[PDB]
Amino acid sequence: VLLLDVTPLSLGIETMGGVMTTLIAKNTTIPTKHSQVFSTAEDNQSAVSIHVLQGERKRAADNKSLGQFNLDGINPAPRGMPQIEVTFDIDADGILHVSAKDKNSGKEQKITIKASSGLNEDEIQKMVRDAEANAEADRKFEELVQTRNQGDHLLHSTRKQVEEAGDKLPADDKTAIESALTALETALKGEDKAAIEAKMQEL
């Protein structure tokens, strides 16, 4: 009642896009545990790398990496179908317990990060400040990756849709497609939202 144990910065995992998904939000009174179900990005993806991070930025790259672990043995499946649950657990001691478990095959890996781990009080204030200094440039990244990821989804949707009607697709339609798809993917590697939405439009 007089003082409270709180997480100084948010804790989460890096996801598709180079972004960072927060599982334990900033200033949560630590004895807390949160779990969110994620999946794979690619078809027949056999393992996922759980990259633990601490920070407030949108780029997983602009945060503190607390550790990383792999959860493999994911039985081949269409991308977006395997179920992987990541669970962030911080006890009163402030020790972080990050586990991942294939909600089907039963497999589960674990990593335990001690409370001395992370950005010190100094780094914590700089993190918080840069978060604010860059808040908008960060917003640019958010809208960028959402679109980028959606361009990824189209590249595949389309690519597979070709098979679903291979010969049904007359040459200079089917050829007109294979071409732009090449174009979009290159754009996705880029970071121009305007350009990506364009190559998306082209397809």
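For every residue, the number given is its place in the sequence shown, counted from 1.
- Across the two stretches, 66-74 and 49-57, the PDB entry reports the greater mean Cα temperature factor for 66-74.
- When 179-187 is weighed against 13-21, 179-187 comes out higher, by mean CA B-factor as recorded in the entry.
- Among 139, 33, 26, 159, the highest C-alpha B-factor recorded in the PDB entry belongs to 159.
- Take 154, 37, 144, 135 and read off each C-alpha B-factor from the entry; 154 has the highest.
- The entry lists a Cα temperature factor for residue 79 that places it in the middle third of the chain's modelled residues.
- The deposited CA B-factor of residue 104 belongs to the middle third of values across its chain.
- In the PDB entry, a CA B factor belonging to the highest third of its chain's modelled residues is recorded for residue 129.
- In the deposited entry, the Cα temperature factor of residue 121 sits in the middle third of values across the chain's modelled residues.
- When the modelled residues of the chain are ordered by their C-alpha B factor, residue 89 lands in the middle third.
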